[PDB]
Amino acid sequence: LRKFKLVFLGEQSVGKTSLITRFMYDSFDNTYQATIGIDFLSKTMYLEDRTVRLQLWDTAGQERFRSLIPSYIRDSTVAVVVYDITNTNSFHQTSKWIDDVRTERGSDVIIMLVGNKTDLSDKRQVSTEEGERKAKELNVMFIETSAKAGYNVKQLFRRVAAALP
């Protein structure tokens, strides 16, 4: 089968896992269950009217697990790097995650920068335009989402899939 190989990266608590579960299961939980190490989903699905093997690695944002991540980045055609629009540190820290992807794959990768939690726009600390500007500077795609609301979650996956050969 064709593969659709993604890795989710980003600081702790930004909503990596929640994006994945909203997409795959239409499921969201307010309760925080930290990802420990690297979790994995492999599923045969239909993409754009073809059978595709999804291989999705969901990494922990905690620094203590970061040493595990390079081999998973190496095997991933798509890297999804997530931040929380309410947390400026999480936004600036996307740089190291993108650098980690470049270290392993150079330009031979699709990267999507995601500003998540737009349902919390009252608490927004990073503008949409700041995100767009950073993405363009780094030569990566950009989207804003809300895993909680189910906003732009399917679109995230559609857009990275559309970039696959």
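Throughout, we count residues from 1 along the sequence that is shown.
**Student:** Would you mind comparing 21 to 29 and 7 to 15 for me and telling me which has the higher average C-alpha temperature factor in the entry?
**Tutor:** Of 7 to 15 and 21 to 29, the stretch with the higher C-alpha B-factor average is 21 to 29.
**Student:** Could you settle it for me: does 81 to 89 or 67 to 75 have the higher average Cα B factor in the PDB entry?
**Tutor:** Per the PDB record, 67 to 75.
**Student:** Specify which of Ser127, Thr118, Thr59, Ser42 carries the largest Cα B factor in the deposited PDB entry.
**Tutor:** So the option with the highest C-alpha B-factor is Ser42.
**Student:** In terms of the CA temperature factor given in the entry, to which third of its chain does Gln55 belong: lowest, middle or highest?
**Tutor:** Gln55: CA B-factor falls in the middle third of its chain.
**Student:** Is the Cα B-factor recorded for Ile36 in the lowest, middle or highest third of its chain?
**Tutor:** Lowest third - that is where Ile36 ends up once the chain's C-alpha B-factors are sorted.
**Student:** Is the Cα B-factor recorded for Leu113 in the lowest, middle or highest third of its chain?
**Tutor:** Ranked within chain, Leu113 CA B lands in the lowest tercile.
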